[PDB]
$ cat final-v7.txt   # compact mmCIF, C-alpha atoms
# COMPACT_ATOMS: atom_id res chain seq x y z
CA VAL S 1 186.06 142.94 202.66
CA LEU S 2 189.43 143.01 200.89
CA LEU S 3 188.01 140.86 198.09
CA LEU S 4 185.06 143.24 197.79
CA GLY S 5 187.41 146.21 197.55
CA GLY S 6 189.54 144.47 194.94
CA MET S 7 186.44 143.62 192.91
CA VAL S 8 185.49 147.30 193.03
CA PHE S 9 189.01 148.24 191.94
CA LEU S 10 189.07 145.79 189.03
CA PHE S 11 185.67 146.96 187.81
CA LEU S 12 187.02 150.53 187.50
CA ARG S 13 190.19 149.59 185.61
CA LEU S 14 188.70 147.19 183.08
CA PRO S 15 188.25 149.04 179.76
CA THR S 16 184.82 149.32 178.19
CA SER S 17 183.54 148.23 174.78
CA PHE S 18 180.28 147.29 173.08
CA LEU S 19 180.97 144.28 170.83
CA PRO S 20 184.28 142.68 169.83
CA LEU S 21 185.41 143.02 166.23
CA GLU S 22 185.71 139.77 164.30
CA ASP S 23 187.44 138.86 161.05
CA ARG S 24 184.66 138.79 158.46
CA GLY S 25 187.01 138.26 155.53
CA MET S 26 186.21 141.70 154.09
CA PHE S 27 187.27 145.28 154.68
CA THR S 28 186.72 148.59 152.93
CA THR S 29 188.98 151.50 152.06
CA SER S 30 187.86 155.05 151.33
CA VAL S 31 189.68 157.44 149.00
CA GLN S 32 189.13 161.20 149.24
CA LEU S 33 191.25 163.50 147.09
CA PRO S 34 191.31 167.24 147.93
CA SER S 35 188.13 169.10 147.06
CA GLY S 36 187.71 170.14 143.45
CA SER S 37 189.58 167.10 142.15
CA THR S 38 188.45 165.32 138.99
CA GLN S 39 187.42 161.74 138.34
CA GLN S 40 190.61 160.89 136.43
CA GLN S 41 192.85 161.89 139.34
CA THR S 42 190.77 159.79 141.73
CA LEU S 43 191.06 156.91 139.27
CA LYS S 44 194.84 157.29 139.23
CA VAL S 45 194.96 157.21 143.04
CA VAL S 46 192.68 154.16 143.06
CA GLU S 47 195.00 152.46 140.57
CA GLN S 48 197.94 153.14 142.88
CA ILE S 49 196.08 151.67 145.87
CA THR C 1 149.68 194.88 131.99
CA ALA C 2 149.66 192.84 135.18
CA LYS C 3 150.90 189.87 133.16
CA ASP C 4 154.04 191.81 132.22
CA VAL C 5 154.81 192.55 135.87
CA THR C 6 154.18 188.94 136.89
CA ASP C 7 156.37 187.61 134.08
CA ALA C 8 159.19 190.03 134.87
CA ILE C 9 159.08 189.07 138.55
CA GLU C 10 159.17 185.39 137.58
CA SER C 11 162.10 185.81 135.19
CA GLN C 12 164.31 188.23 137.14
CA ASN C 13 163.79 186.62 140.58
CA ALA C 14 164.82 182.97 140.43
CA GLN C 15 167.56 180.52 141.35
CA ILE C 16 169.29 178.90 138.37
CA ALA C 17 171.45 175.77 138.63
CA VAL C 18 173.84 175.87 135.68
CA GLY C 19 175.71 172.62 136.22
CA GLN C 20 179.32 171.68 136.90
CA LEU C 21 182.70 172.77 135.62
CA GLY C 22 184.54 169.75 134.31
CA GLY C 23 181.53 167.48 134.62
CA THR C 24 181.70 163.88 133.57
CA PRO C 25 182.72 163.03 130.88
CA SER C 26 185.65 165.47 130.73
CA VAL C 27 188.81 166.11 128.74
CA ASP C 28 191.87 163.97 129.41
CA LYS C 29 193.55 166.46 131.75
CA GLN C 30 190.70 168.46 133.26
CA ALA C 31 192.05 170.53 136.13
CA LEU C 32 189.10 170.94 138.51
CA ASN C 33 185.43 170.08 139.06
CA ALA C 34 183.40 172.93 140.56
CA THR C 35 179.66 173.48 140.83
CA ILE C 36 178.31 176.39 138.80
CA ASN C 37 175.51 178.64 140.06
CA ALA C 38 173.64 181.55 138.51
CA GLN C 39 171.44 184.46 139.62
CA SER C 40 169.75 184.03 143.00
CA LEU C 41 166.56 185.30 144.58
CA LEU C 42 166.15 189.01 145.22
CA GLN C 43 166.21 190.00 148.88
CA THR C 44 165.48 193.67 149.53
CA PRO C 45 162.42 195.63 148.36
CA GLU C 46 164.82 197.96 146.55
CA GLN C 47 165.94 195.07 144.33
CA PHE C 48 162.36 194.47 143.18
CA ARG C 49 161.90 198.15 142.34
CA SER W 1 187.96 128.48 170.09
CA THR W 2 190.18 129.25 167.10
CA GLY W 3 187.67 129.70 164.29
CA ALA W 4 185.58 132.39 162.67
CA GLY W 5 183.78 134.58 165.17
CA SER W 6 186.10 133.51 167.98
CA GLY W 7 186.16 137.02 169.45
CA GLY W 8 182.61 136.83 170.74
CA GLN W 9 183.20 133.31 172.00
CA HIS W 10 186.23 134.47 173.98
CA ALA W 11 184.29 137.45 175.34
CA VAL W 12 181.41 135.31 176.58
CA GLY W 13 183.59 132.45 177.79
CA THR W 14 186.67 133.82 179.53
CA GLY W 15 184.78 135.90 182.07
CA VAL W 16 182.25 133.14 182.74
CA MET W 17 184.95 130.52 183.28
CA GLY W 18 186.96 132.80 185.54
CA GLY W 19 183.88 133.65 187.57
CA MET W 20 182.95 130.00 187.97
CA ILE W 21 186.49 129.07 189.03
CA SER W 22 186.47 131.62 191.85
CA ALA W 23 182.87 130.87 192.84
CA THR W 24 183.82 127.24 193.49
CA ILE W 25 187.06 127.65 195.47
CA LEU W 26 185.79 130.59 197.56
CA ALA W 27 182.10 129.72 197.89
CA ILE W 28 182.82 126.32 199.46
CA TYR W 29 184.65 128.19 202.23
CA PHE W 30 182.94 131.57 202.61
CA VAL W 31 179.33 130.36 202.25
CA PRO W 32 179.40 128.32 205.51
CA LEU W 33 180.84 131.34 207.32
CA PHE W 34 178.13 133.62 205.94
CA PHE W 35 175.43 131.13 206.88
CA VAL W 36 176.65 130.63 210.45
CA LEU W 37 177.11 134.37 210.94
CA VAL W 38 173.63 135.25 209.65
CA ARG W 39 171.98 132.42 211.59
CA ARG W 40 173.72 133.38 214.83
CA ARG W 41 172.68 137.00 214.32
CA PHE W 42 169.07 135.92 213.63
CA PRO W 43 168.47 132.59 215.39
CA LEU W 44 165.77 130.32 214.03
CA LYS W 45 162.34 130.12 215.63
$ encode --input "final-v7.txt" --output "structure tokens"
Amino acid sequence: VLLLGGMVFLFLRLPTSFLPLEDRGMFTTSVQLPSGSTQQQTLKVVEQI
Amino acid sequence: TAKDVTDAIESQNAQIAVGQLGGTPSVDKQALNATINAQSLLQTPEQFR
Amino acid sequence: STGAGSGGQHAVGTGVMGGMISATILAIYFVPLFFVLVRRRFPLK
């Protein structure tokens, strides 16, 4: 009975997820300047990054 | 004639998309890029009169 | 496993191995007790 209670306890403390993330060798960054900005300013920011 | 009324209603009641301020390509130091709109559809019967 | 896609391998393997470890050091003891208890409660024939 104690083992059953502990199993119940552990099931309610274990965090939940869907699928683990794995190193695919790629990742993506997104740049968003304040609204009304121009292409040249975005290009400058992209050059900095 | 009826054609005159129809043509006037067509011309004076429409949505016009002008374009963009600072659209691409733009000058070296363009400040902003904003969408430009023009006259919109009439709403009230008084506007049509 | 220490290669590409090892995260899924760990996820499917750690829990399974831990479950099998407990279900072979506790089953060999508790299962006879469960069987004798159930059989004594409901005798055969």
$ interface_residues --input "final-v7.txt" --of "chain S" --to "chain C" --cutoff "7 Å" --atoms "only C-alpha atoms" --output "PDB file with C-alpha atoms, in the coordinates of the input"
ATOM      1  CA  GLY S  36     187.710 170.140 143.450  1.00  0.00           C
ATOM      2  CA  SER S  37     189.580 167.100 142.150  1.00  0.00           C
ATOM      3  CA  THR S  38     188.450 165.320 138.990  1.00  0.00           C
TER       4      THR S  38
END
$ residues_around --input "final-v7.txt" --residues "residue 12 (chain C)" --least-positions-apart "6" --cutoff "10 Å" --atoms "all atoms listed in the file" --output "PyMOL selection string"
chain C and resi 39-42+48
$ closest_residue --input "final-v7.txt" --among "S:17, S:48, S:28, S:40" --to "chain W" --atoms "all atoms listed in the file"
S:17
$ interface_residues --input "final-v7.txt" --of "chain S" --to "chain W" --cutoff "9 Å" --atoms "all atoms listed in the file" --output "PyMOL selection string"
chain S and resi 19-24
$ atom_distance --input "final-v7.txt" --atom1 "CA of residue 11 (chain S)" --atom2 "CA of residue 15 (chain W)"
12.5 Å
$ atom_distance --input "final-v7.txt" --atom1 "CA of residue 43 (chain C)" --atom2 "CA of residue 10 (chain C)"
14.1 Å
$ atom_distance --input "final-v7.txt" --atom1 "CA of residue 37 (chain C)" --atom2 "CA of residue 9 (chain C)"
19.5 Å
$ closest_atom_pairs --input "final-v7.txt" --of "chain S" --to "region 17-37 of chain W" --cutoff "12 Å" --atoms "all atoms listed in the file" --output "Markdown table"
| residue | atom | partner | partner_atom | distance |
| --- | --- | --- | --- | --- |
| S:1 | CA | W:30 | CA | 11.8 |
| S:3 | CA | W:26 | CA | 10.5 |
| S:7 | CA | W:19 | CA | 11.6 |
$ write_last_selection --input "final-v7.txt" --atoms "C-alpha atoms" --output "PDB file, keeping the file's coordinate frame"
ATOM      1  CA  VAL S   1     186.060 142.940 202.660  1.00  0.00           C
ATOM      2  CA  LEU S   3     188.010 140.860 198.090  1.00  0.00           C
ATOM      3  CA  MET S   7     186.440 143.620 192.910  1.00  0.00           C
TER       4      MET S   7
END
